Amino acid sequence: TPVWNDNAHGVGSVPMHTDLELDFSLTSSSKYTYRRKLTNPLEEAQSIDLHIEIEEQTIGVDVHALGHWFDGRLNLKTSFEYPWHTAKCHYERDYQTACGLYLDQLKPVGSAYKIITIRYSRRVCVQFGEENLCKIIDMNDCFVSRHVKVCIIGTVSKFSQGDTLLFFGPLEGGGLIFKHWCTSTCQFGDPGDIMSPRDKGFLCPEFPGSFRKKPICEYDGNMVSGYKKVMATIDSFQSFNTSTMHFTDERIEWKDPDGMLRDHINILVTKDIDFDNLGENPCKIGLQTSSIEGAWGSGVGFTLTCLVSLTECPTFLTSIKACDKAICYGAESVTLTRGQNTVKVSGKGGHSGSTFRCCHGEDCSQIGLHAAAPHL
Amino acid sequence: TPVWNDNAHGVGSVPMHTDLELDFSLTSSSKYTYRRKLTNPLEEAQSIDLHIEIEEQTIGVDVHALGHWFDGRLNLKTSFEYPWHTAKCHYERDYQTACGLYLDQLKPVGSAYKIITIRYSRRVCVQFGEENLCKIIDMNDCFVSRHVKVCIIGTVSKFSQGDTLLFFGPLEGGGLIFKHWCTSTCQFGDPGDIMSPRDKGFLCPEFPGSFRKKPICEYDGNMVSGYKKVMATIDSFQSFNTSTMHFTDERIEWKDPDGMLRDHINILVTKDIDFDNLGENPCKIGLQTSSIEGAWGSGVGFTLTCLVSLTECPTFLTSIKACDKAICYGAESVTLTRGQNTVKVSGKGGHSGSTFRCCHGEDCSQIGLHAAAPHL
Amino acid sequence: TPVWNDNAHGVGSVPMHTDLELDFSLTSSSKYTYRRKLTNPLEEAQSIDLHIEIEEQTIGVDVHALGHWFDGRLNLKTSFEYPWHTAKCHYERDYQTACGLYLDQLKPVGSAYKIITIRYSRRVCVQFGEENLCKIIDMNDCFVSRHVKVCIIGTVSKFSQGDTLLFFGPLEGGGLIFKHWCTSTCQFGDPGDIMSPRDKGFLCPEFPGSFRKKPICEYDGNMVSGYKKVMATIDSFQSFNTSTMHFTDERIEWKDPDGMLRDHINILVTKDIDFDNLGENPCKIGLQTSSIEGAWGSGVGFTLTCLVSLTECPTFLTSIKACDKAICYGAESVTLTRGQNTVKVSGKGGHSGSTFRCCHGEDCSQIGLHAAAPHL
Ligand SMILES: *[C@@H]1O[C@H](CO[C@H]2O[C@@H](C)[C@@H](O)[C@@H](O)[C@@H]2O)[C@@H](O[C@@H]2O[C@H](CO)[C@@H](O)[C@H](O)[C@H]2NC(C)=O)[C@H](O)[C@H]1NC(C)=O
Ligand SMILES: *[C@@H]1O[C@H](CO[C@H]2O[C@@H](C)[C@@H](O)[C@@H](O)[C@@H]2O)[C@@H](O[C@@H]2O[C@H](CO)[C@@H](O)[C@H](O)[C@H]2NC(C)=O)[C@H](O)[C@H]1NC(C)=O
Ligand SMILES: *[C@@H]1O[C@H](CO[C@H]2O[C@@H](C)[C@@H](O)[C@@H](O)[C@@H]2O)[C@@H](O[C@@H]2O[C@H](CO)[C@@H](O)[C@H](O)[C@H]2NC(C)=O)[C@H](O)[C@H]1NC(C)=O
Ligand SMILES: [K+]
Ligand SMILES: [K+]
Ligand SMILES: [K+]
Ligand code: NA
């Protein structure tokens, strides 16, 4: 007969038995503080200190680092080993008189990152009497305690999965969003045309045009680099700004200082009688990894297989997560049955050093597994 | 003086005269159950069974089926009727010595679908005493009854109108999202380059390169198929997973098992005094279709013209919908006047067998009209 | 010790001391009216007229006007000054016999606009007794008064920054959304291929193909205009409809009549004891501009530097905005310190005549500054 479920983050309340509601739209890039002494209706000399601190909205973006975009010049040469053979990016036609194209005057202009996942959050700290609790609350999730609920509801449409972020300088400060960075076909002149994915090695663009032998060679395709073409119409692209940036491997976090954006905050307080925590349950979970497949740094992602032991309940509807170092990369909602369970969790993100663990709530397995590299 | 309006789905309440509030963030891919006996404040022996069941979030996507994407090999031949003339996809230059390109070793690799409309919903069932009511509630809509309101608020940014969904296998399980599938220009090498829209008939890609007569012909454009180019950088594309998929003509429904996504649920209950239903009204509507124009399976859509009779009110602000088989494809907000009204409803989606009806609430006209086919 | 903050738009309430809550999902394209006489619990003969009017959702889009898209025919000519030299858009090869391509039969087919910023709002008017106040409330913001709070929460995903809107006719009524309008590379056949940014002057597309001398010239690249290619697959593109359109320089406002879209409205009323306004503060701000850099009509945007004087508080967490004529284009959240402050505000949008002012709340500096033109 029981059907325990902890996927509901929130409370049941009797509106007569609640003491304070705060409900407001908050600038995303602003913190908020509330301090009050809760006092009994003139009846008694017993007061409770309430102290709420909501931190500025943070964005966390799981990315694949694409390396550096380059500017360069396309050079045409006529011969009759090509004189230009040491150039990494080249194109040739033999007449049997050799025509060649090669890229030179290469210069890195920026660092590019492919967006895999976008998540917004606020750190929320609540002191109620001698209780003090801080939690990072995802947008569209809730902080739940015995006497205080804090829910954050919002929407942002600035970034999308698949977008490519370009940072030109030591770009704290800001960057550009590209919605059409070249992937499966890179032609000279495209955004993303000339890349170096790591220290060495260029991924060269295609040169779709034709040679002509005139004996002076000509090439009739585009001769302008993607960097120059983008700069020539730079106002066509969307900038964004950043503050207190934190790059880690395959992840970027920052606070967006765009003060036109807002989210909704609801705070409900009950002074005497505790809230009914809708996720309360007696079920106990043990976790370990079994296997993994797929890749980090990949829009396709990975799948972590977990062995999950349920005791103290016949069944338990919950979520098993793939996490490492308190960042979670995936979750699977599942009705567990008493005893052993096998649960597959699909995730995306992470880096070569990530060990993806099976987690429930704030509890994780003792070890995690490494996923494979992308773009092999 | 009256200005009746049923476009508000919700209730007016006196917060002193409400008995229970449930407010929580729910994993999108999870159901939720609440069961309680509502009992009078120790005053009386009269209790009310409350039973709420909220089903997992479902996505419904109106699509245009694009048929199958193919892999193939581009073959070059020299002649001096072309030997390769039976190939459906070809390109030739005459020297007067004929150079030809043709596609062969064709193989379907997946089924593609263009997104026209995305909508999320949850089925919500409420029993209050001997009252039992179930309704499919769209995200950002509300379940309204005399004693219980259930509102769902949320946002998802995974899919967008215009995206193309590719299913490789018998793909329940999952697929890929393409944001740049070729439409007005398909060149060999693009995602979507080689399509068969129906059983027979290829839509061939362009071959933008040039022939050279060397006498051996050469072609200096791209020789790698779109499938191979995409597979070579597959980690650049976004996967999604599915569960309990339901394909119908020009529509796909499933439950997304991504447990990182959440939505917000608010449940308000009044035990004694009924809620004020904000859409309550005495107005009565009769409906029939008059005409239609435009297309099913189309991002441009159709327009259904309805003849709508209003009685028992001088005016009535409401919505007239275009629906068939309990799926709605469009709605027009309108202030009707007593007597006959002509209302145009813009819609998108549906298939060749759809008969789009004029509807108000859960009431529809006796017949609907067929829209025209797209891509003629 | 004080930490004043007006970035919270909302109220603190005691749920026992609140008299009425309205909570509902409203058709976006519908207005809503509520009228009630608030009367004391049978105790007294003193009533309060409440009158709330919520107007239909409006979209406001800051854009860059791109001018007109054209259809045309690509003509091939052989010579042996080119006979076709007066054509603005042309391409030639000399054999030393001259081959030329030129565009002719040009006709404007529509007006194009690049989306820079999208914002939705509703005008909300509240009369409570002899108090009457109207305000334009942004989606995800709140109307706050002593006795009434109105919050709007919603999400829409129809338009995105970077999209290009095309209006074919005198297009009130509607238009098309393009997600891939050509920017840094325009080739003949692309959406956006042939543009005239202003009265005169074409921005000509590239012709990526090759000439051949056969002596009759041939050109082996695409010969079909972007307009014809898009029309041939028009159902692949997304239409939208409009009502009561208002074009101004670099801005379009309208009401979207799509009645499938909804947003959430919450109205809270307290009859006796005032709400605690969470943004209440004694701080006083003076403002003037100092300098500006960057551009109007640009996805990259501008930065307005403001000199902001704070008195009556040691510190004040607030937002400084860049606005003109009651439209705001940017905001910066900032903790001001007593005395003079320098605050940089990043913004986007506006036009050549805009004078961007430093603003706080509904108060603005006496003059604003002009930003520079885009696309120089
Ligand atoms: C969720 O989706 C993953 C992803 O794999 C799928 O990706 C789609 C884009 C499409 O290409 C489809 O053909 C492909 O299977 C599924 O994982 C995959 O499962 C297959 C079959 O067991 C394995 O051969 C793959 O190695 C495996 N890949 C990864 C990265 O795990 C997964 O089955 C599916 N369901 C769940 C519950 O995660
Ligand atoms: C809502 O928009 C439709 C769509 O038609 C418009 O589509 C735009 C993309 C653009 O191309 C514009 O030029 C075009 O009119 C409107 O319906 C169309 O109306 C015209 C004029 O009466 C008819 O000739 C078309 O056949 C008709 N098409 C369809 C599919 O109905 C419609 O008028 C507009 N308004 C409403 C209230 O629906
Ligand atoms: C917010 O971003 C703007 C935009 O400028 C940046 O745009 C990025 C897309 C990228 O190209 C980056 O290299 C570039 O700086 C910043 O304004 C710029 O600041 C620099 C340095 O002072 C000036 O040289 C520019 O003229 C200036 N441009 C504009 C339009 O103002 C700005 O510093 C940054 N921070 C804030 C708080 O606005
Ligand atoms: K080539
Ligand atoms: K060609
Ligand atoms: K060319
Ligand atoms: Na060529």
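Here are the numbers for the structure shown:
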| read-out | value |
| --- | --- |
| Enumeration of residues in region C:118-161 that are more than 23 Å from C:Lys255 (Cβ to Cβ) and either part of a strand (DSSP E or B) or facing another protein chain (nearest Cβ under 8 Å) (or both) | C:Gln127, C:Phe128, C:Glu131, C:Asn132, C:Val144, C:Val148, C:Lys149 |
| Count - residues of region C:241-270 that are surrounded by fewer than 19 Cβ atoms within 10 Å (Cβ to Cβ) and farther than 20 Å from C:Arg122 by Cα | 1 |
| Set A:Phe188, A:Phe178: member being within 16 Å of ligand 7 (Cβ to nearest atom) and among the aromatic types (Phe, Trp, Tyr) | A:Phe188 |
| Condition check for B:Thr242: hydroxyl-bearing (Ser, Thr, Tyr) and more than 10 Å from chain A (Cβ to nearest Cβ) | yes |
| Subset of region A:38-50 [within 13 Å of another protein chain (Cβ to nearest Cβ) and surrounded by 15 or more Cβ atoms within 10 Å (Cβ to Cβ)] | A:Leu38, A:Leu50 |
| Residue in region A:273-292 that is of a type in the set (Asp, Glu), touching a strand residue (DSSP E or B) at 6+ places or on another chain (Cβ under 8 Å) and away from ligand 1 (no atom under 16 Å from the Cβ) present | yes |
| Residue in region A:222-243 that is more than 28 Å from B:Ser236 (Cα to Cα), more than 16 Å from ligand 1 (Cβ to nearest atom) and assigned to a strand (DSSP E or B) present | no |
| Among residues of region B:2-51, those that are on the phi < 0 side of the Ramachandran plot and in a loop (DSSP other than H, G, I, E, B), counted | 16 |
| Failed criterion for A:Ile136 (all others in (1) β-branched (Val, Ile, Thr); (2) surrounded by 21 or more Cβ atoms within 10 Å (Cβ to Cβ); (3) not assigned by TED's automatic domain parsing to the domain that holds A:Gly72 hold) | (2) |
| Residue among C:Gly259, C:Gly286 that is in a loop (DSSP other than H, G, I, E, B) and among the small types (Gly, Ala, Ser) | C:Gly259 |
| Qualifying residue in region C:290-305 (condition: within 16 Å of ligand 3 (Cβ to nearest atom), within 12 Å of another protein chain (Cβ to nearest Cβ) and among the aromatic types (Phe, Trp, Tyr)) | yes |
| Selection count, region A:65-100, where residues are within 12 Å of chain B (Cβ to nearest Cβ) and either within 16 Å of ligand 3 (Cβ to nearest atom) or of a type in the set (A, V, I, L, M) (or both) | 1 |
| Restricting region A:196-217 to residues that are among the hydrophobic types (A, V, I, L, M, F, W, C) and surrounded by fewer than 20 Cβ atoms within 10 Å (Cβ to Cβ), the residue that is nearest to the other protein chains (Cβ to nearest Cβ) | A:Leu203 |
| Only listed residue being buried (at least 18 other Cβ atoms within 10 Å of the Cβ), closer than 30 Å to A:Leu278 by Cα and more than 16 Å from ligand 2 (Cβ to nearest atom), chosen from A:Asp141, A:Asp163 | A:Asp141 |
| Subset of region C:189-221 that is in contact with an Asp or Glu (Cβ under 7 Å, 6 or more places away or on another chain) and part of a loop (DSSP other than H, G, I, E, B) - its residue that is nearest to C:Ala65 (Cα to Cα) | C:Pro205 |
| Lone unmet requirement of (1) among the hydroxyl-bearing types (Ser, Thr, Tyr); (2) farther than 30 Å from B:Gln96 by Cα; (3) more than 14 Å from chain A (Cβ to nearest Cβ) for B:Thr33 | (3) |
| Residue match in region B:183-205 (condition: within 16 Å of ligand 5 (Cβ to nearest atom), at negative phi and aromatic (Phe, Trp, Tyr)) | yes |
| Qualifying positions in region C:308-338 - surrounded by 19 or more Cβ atoms within 10 Å (Cβ to Cβ) and of a type in the set (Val, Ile, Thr) | C:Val308, C:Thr318, C:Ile320, C:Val334 |
| Set C:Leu261, C:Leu165: member being within 11 Å of chain B (Cβ to nearest Cβ) and at negative phi | C:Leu261 |
| Top-ranked residue of region C:103-121 - restricted to ones that are buried (at least 22 other Cβ atoms within 10 Å of the Cβ) and in contact with a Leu (Cβ under 9 Å, 6 or more places away or on another chain), ranked as nearest to A:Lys158 (Cα to Cα) | C:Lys114 |
| Qualifying position, being touching a strand residue (DSSP E or B) at 6+ places or on another chain (Cβ under 8 Å) and either more than 16 Å from B:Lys284 (Cα to Cα) or among the polar types (S, T, N, Q) (or both), among B:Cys328, B:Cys358 | B:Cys328 |
| Condition check for B:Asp19: among the charged types (D, E, K, R), buried (at least 20 other Cβ atoms within 10 Å of the Cβ) and not assigned by TED's automatic domain parsing to the domain that holds B:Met195 | no |
| Long-range neighbours under 7 Å by Cβ, at least six apart or interchain, first residue outside any strand (DSSP E or B) within region C:66-82, second crowded, with 16+ Cβ neighbours inside 10 Å | C:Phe80/C:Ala98; C:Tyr82/C:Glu92; C:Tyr82/C:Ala98; C:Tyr82/C:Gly100 |
| Matching residues in region A:228-253 - criterion: being within 12 Å of ligand 3 (Cβ to nearest atom) and either over 29 Å from A:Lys114 (Cα atoms) or aromatic (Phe, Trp, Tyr) (or both) | A:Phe237, A:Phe240 |
| Among (1) outside the structural domain of C:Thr39 (by TED's automatic domain parsing); (2) more than 16 Å from ligand 5 (Cβ to nearest atom); (3) crowded, with 20+ Cβ neighbours inside 10 Å; (4) of a type outside the set (A, V, I, L, M) - the single one C:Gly173 does not satisfy | (3) |
| Options C:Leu171, C:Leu176; residue that is farther than 30 Å from A:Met139 by Cβ, away from ligand 4 (no atom under 16 Å from the Cβ), part of a loop (DSSP other than H, G, I, E, B) and of a type in the set (A, V, I, L, M) | C:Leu171 |
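Residues are listed down the side, and each one gets a yes or a no for (1) closer than 26 Å to A:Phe207 by Cα; (2) more than 13 Å from ligand 6 (Cβ to nearest atom); (3) in contact with a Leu (Cβ under 7 Å, 6 or more places away or on another chain):
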{"site": "C:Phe178", "(1), (2), (3)": "no, yes, yes"}
{"site": "C:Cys182", "(1), (2), (3)": "yes, yes, no"}
{"site": "C:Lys200", "(1), (2), (3)": "no, yes, no"}
{"site": "C:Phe207", "(1), (2), (3)": "yes, no, yes"}
{"site": "C:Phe211", "(1), (2), (3)": "yes, no, no"}
{"site": "C:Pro215", "(1), (2), (3)": "no, yes, no"}
{"site": "C:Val224", "(1), (2), (3)": "yes, yes, no"}
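Rundown of residues vs (1) more than 24 Å from A:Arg262 (Cβ to Cβ); (2) hydrophobic (A, V, I, L, M, F, W, C), yes/no style:
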{"site": "C:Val14", "(1), (2)": "yes, yes"}
{"site": "C:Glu43", "(1), (2)": "yes, no"}
{"site": "C:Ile54", "(1), (2)": "no, yes"}
{"site": "C:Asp62", "(1), (2)": "no, no"}
{"site": "C:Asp71", "(1), (2)": "yes, no"}
{"site": "C:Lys114", "(1), (2)": "yes, no"}
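Here Cβ is always computed from backbone atoms with ideal geometry, including for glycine, and neighbour counts include all displayed protein chains. All of this is worked out from the model, or read from it or from the source named; no laboratory read-out is quoted.
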